[PDB]
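The structure appears below as structure tokens.
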There are 2 protein chains.
Amino acid sequence: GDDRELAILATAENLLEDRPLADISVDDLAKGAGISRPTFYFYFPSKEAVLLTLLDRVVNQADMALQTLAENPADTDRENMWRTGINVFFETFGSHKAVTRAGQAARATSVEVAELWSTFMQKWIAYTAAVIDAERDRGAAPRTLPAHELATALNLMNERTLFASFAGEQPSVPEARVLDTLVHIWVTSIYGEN
Amino acid sequence: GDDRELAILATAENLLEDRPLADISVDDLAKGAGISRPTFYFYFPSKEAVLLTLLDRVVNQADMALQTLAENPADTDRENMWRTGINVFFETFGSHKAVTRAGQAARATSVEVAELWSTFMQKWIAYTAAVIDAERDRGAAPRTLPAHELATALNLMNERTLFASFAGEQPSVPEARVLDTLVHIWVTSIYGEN
């Protein structure tokens with residue numbers, strides 16, 4: 001009986017838009033799904049383990065998303081081949097701000113999360129560097145910096161930047177700009193010369 | 001004061017080298033520093049307090065340093081002018097990696113610390129904007145992205161990255177490159193066209 005789990009997962013993410021994981025208790029979730037306080041414990045050991053699943057879900061959506069682009073190509077220049085990738089992350093995480101803010105300010109307390117993140121950040125960081133080269137052996141991008149390093153600076157910038165945008169921090173870049181703001185910085189560097 | 005307010009500090013900083021604040025005692029600080037428990041408290045109320053100062057001392061160091069380039073302009077090529085500026089941080093914080101690591105795992109629970117970094121980061125992001133602006137008035141820089149917003153992204157990148165390097169995370173850019181890297185991206189996007 002799958003259903004039940006989604007109920008719990010979904011319920012959390014839609015309570016997280018109002019308060020953190022602390023202000024929420026294993027019961028407030030029992031209702032949302034439609035099970036007795038105890039039933040819960042058969043799908044999740046604790047609320048902690050729920051956020052982790054949320055997070056992982058959200059993170060995989062991104063990989064599965066960007067993955068789809070590693071398949072069918074898009075008939076459009078080089079500025080979009082990049083933009084459209086970053087937008088996955090903007091668009092995606094930008095949709096589950098709550099879970100992002102939640103996963104983040106919880107990285108400092110869950111190796112599971114820290115890893116889950118510290119992992120993909122490497123697949124994504126790799127995928128990128130890959131293209132950086134696949135755009136150098138075709139002679140389109142100058143051989144300036146070592147792809148991986150270059151790719152890392154960019155990639156990490158995203159994380160911090162796209163975050164302070166969703167967390168409403170200050171310093172930050174108004175959400176409706178953070179994109180163009182990023183894409184430009186990617187391209188100008190991925191390709192720029194001197 | 002100072003003599004004894006300095007002992008503590010230094011005596012703290014050198015202790016953060018081997019372990020985290022959470023493992024350092026008021027005792028371990030009174031000793032190594034050379035003073036008495038009570039004498040400490042006359043200067044500091046808690047250890048987090050000593051941390052907040054060490055941090056305030058580092059941060060401010062870098063600001064004056066940077067501040068000290070406005071009066072000593074000199075002759076040079078567009079690029080280098082940035083490396084020496086971005087260098088001020090990688091050099092400063094990268095010579096106090098322990099504090100940095102500490103003041104970091106503190107922004108999550110210290111509003112004094114939160115406001116501290118945030119209050120500066122703005123002054124640094126601003127300073128960037130000021131330049132990237134007048135850099136356009138003189139004709140060198142192309143008028144693309146809204147300075148402050150470009151300045152921000154870049155600054156947001158140097159935060160999350162230099163740290164990710166000092167704290168030797170996974171993934172990160174080896175402490176031994178980052179300067180060459182960050183410097184690149186800043187320029188190529190500041191003066192870059194599209």
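How things are named: the first chain in the structure tokens is A, the next is B, and so on; residues count from 1 in each chain; ligands count from 1 in the order shown.
Excluding residue 70 (chain B) itself and same-chain residues fewer than 6 positions from it, the residues having an atom within 12 Å of it are residues 63, 64, 81, 85, 127, 130 and 131 of chain B, counting only C-alpha atoms.
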Could I get the residues of chain B with an atom no further than 10 Å from an atom of chain A, each paired with its nearest atom pair and that distance in Å to one decimal, using only C-alpha atoms, sorted by chain and residue number, as a Markdown table?
```
| residue | atom | partner | partner_atom | distance |
| --- | --- | --- | --- | --- |
| B:79 | CA | A:194 | CA | 8.5 |
| B:105 | CA | A:108 | CA | 8.0 |
| B:108 | CA | A:105 | CA | 7.9 |
| B:118 | CA | A:171 | CA | 6.8 |
| B:119 | CA | A:171 | CA | 8.7 |
| B:120 | CA | A:171 | CA | 9.6 |
| B:121 | CA | A:171 | CA | 7.0 |
| B:122 | CA | A:171 | CA | 6.0 |
| B:123 | CA | A:171 | CA | 9.8 |
| B:125 | CA | A:171 | CA | 8.1 |
| B:126 | CA | A:171 | CA | 9.9 |
| B:144 | CA | A:184 | CA | 9.1 |
| B:145 | CA | A:181 | CA | 6.9 |
| B:146 | CA | A:181 | CA | 8.7 |
| B:148 | CA | A:173 | CA | 8.8 |
| B:149 | CA | A:173 | CA | 6.0 |
| B:150 | CA | A:181 | CA | 6.4 |
| B:151 | CA | A:181 | CA | 9.9 |
| B:152 | CA | A:172 | CA | 6.8 |
| B:153 | CA | A:161 | CA | 6.2 |
| B:154 | CA | A:157 | CA | 7.5 |
| B:155 | CA | A:157 | CA | 8.9 |
| B:156 | CA | A:161 | CA | 6.0 |
| B:157 | CA | A:157 | CA | 4.2 |
| B:158 | CA | A:157 | CA | 7.7 |
| B:159 | CA | A:160 | CA | 8.4 |
| B:160 | CA | A:160 | CA | 6.4 |
| B:161 | CA | A:156 | CA | 6.5 |
| B:162 | CA | A:153 | CA | 9.3 |
| B:164 | CA | A:156 | CA | 8.8 |
| B:169 | CA | A:118 | CA | 8.9 |
| B:170 | CA | A:118 | CA | 6.5 |
| B:171 | CA | A:122 | CA | 6.5 |
| B:172 | CA | A:152 | CA | 6.7 |
| B:173 | CA | A:149 | CA | 5.7 |
| B:174 | CA | A:149 | CA | 8.3 |
| B:177 | CA | A:149 | CA | 8.1 |
| B:178 | CA | A:149 | CA | 7.9 |
| B:180 | CA | A:145 | CA | 8.7 |
| B:181 | CA | A:150 | CA | 6.5 |
| B:182 | CA | A:153 | CA | 7.0 |
| B:184 | CA | A:189 | CA | 7.4 |
| B:185 | CA | A:189 | CA | 5.4 |
| B:186 | CA | A:185 | CA | 8.2 |
| B:187 | CA | A:194 | CA | 8.3 |
| B:188 | CA | A:189 | CA | 5.3 |
| B:189 | CA | A:188 | CA | 5.1 |
| B:190 | CA | A:185 | CA | 8.5 |
| B:191 | CA | A:188 | CA | 8.8 |
| B:192 | CA | A:188 | CA | 5.6 |
| B:193 | CA | A:188 | CA | 6.9 |
| B:194 | CA | A:188 | CA | 5.7 |
```
Computed interatomic separation between CA of residue 76 (chain B) and CA of residue 142 (chain B) (Å):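 CA of residue 76 (chain B) sits 19.3 Å away from CA of residue 142 (chain B).
Computed from the coordinates, the CA of residue 100 (chain A) to CA of residue 26 (chain A) distance equals 20.4 Å.
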Those in region 31-175 of chain A with helix (DSSP H, G or I) from DSSP, as JSON, numbers by chain: {"A": [31, 32, 33, 39, 40, 41, 42, 47, 48, 49, 50, 51, 52, 53, 54, 55, 56, 57, 58, 59, 60, 61, 62, 63, 64, 65, 66, 67, 68, 69, 70, 71, 78, 79, 80, 81, 82, 83, 84, 85, 86, 87, 88, 89, 90, 91, 92, 93, 97, 98, 99, 100, 101, 102, 103, 104, 107, 108, 109, 111, 112, 113, 114, 115, 116, 117, 118, 119, 120, 121, 122, 123, 124, 125, 126, 127, 128, 129, 130, 131, 132, 133, 147, 148, 149, 150, 151, 152, 153, 154, 155, 156, 157, 158, 159, 160, 161, 162, 163, 164, 165, 166]}
Which residue of A:166, A:117, A:44, A:90 approaches residue 56 (chain A) most closely, using only C-alpha atoms: A:117
B:60, B:110, B:128, B:14 ranked by distance to residue 28 (chain B), top pick (using only C-alpha atoms):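 When distances to residue 28 (chain B) are compared using only C-alpha atoms, the smallest one comes from B:14.
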